[PDB]
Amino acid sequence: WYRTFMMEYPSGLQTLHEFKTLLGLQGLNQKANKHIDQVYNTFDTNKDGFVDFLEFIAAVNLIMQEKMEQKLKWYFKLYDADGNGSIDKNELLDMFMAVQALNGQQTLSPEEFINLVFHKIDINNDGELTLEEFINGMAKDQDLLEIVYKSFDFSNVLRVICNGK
């Protein structure tokens, strides 16, 4: 019964702070942190600052996802900062930054990364990965996919929920 949520959060609400703690994401630097906060936000849908059971379930549904399609749409909306339906070179840049902000990321330096990533994934070379390009791109190119994953360790998350559960 997913009211093992109530076990951890007797008040009925989980807060951004507990979130970080629960996920070890406590103590990050300015960027690595600010980012974790961006993540937490996408889950607290009713933007009230807490993650209540309803937002909570929506999150675990997405986490336990067996299929990666959903998780990718998630990373996509998450990086498509200006939500213009597209991910430009900047948004992806930051995306890389944050990954490199909570990881001393191995040689890939934005300059390098952003291009390799764009060459491969930017199918119609418009300079923007569409949802189609991004999902499909990241999918059939499991190399840069680990860079994405690094942004938000799903599974690490799945491990922790489906453990002390």
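Sequential numbering from 1, following the sequence displayed.
Asker: Read off the CA B-factors in the entry, average them over 96-104 and over 33-41, and name the higher stretch.
Answerer: Result of the comparison: 96-104.
Asker: Between 23-31 and 110-118, which has the larger average Cα B-factor in the PDB entry?
Answerer: Going by the record's values, the stretch with the higher mean is 110-118.
Asker: Hey, what third does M6 fall into on Cα B-factor, ranked over its chain?
Answerer: Tercile = lowest for this residue's CA B-factor.
Asker: Name the third of the chain's ranked CA B-factors that contains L13, choosing lowest, middle or highest.
Answerer: Lowest third.
Asker: Which third of the chain does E69 land in by C-alpha B-factor: lowest, middle or highest?
Answerer: Tercile = highest for this residue's CA B-factor.
Asker: How does the C-alpha B factor of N125 compare with the rest of the chain: lowest, middle or highest third?
Answerer: Within its chain, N125 is a highest-third residue by C-alpha B-factor, going by the deposited values.
Asker: Can you tell me whether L131 has a C-alpha B-factor in the lowest, middle or highest third compared with the other modelled residues of the same chain?
Answerer: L131: CA B-factor falls in the middle third of its chain.
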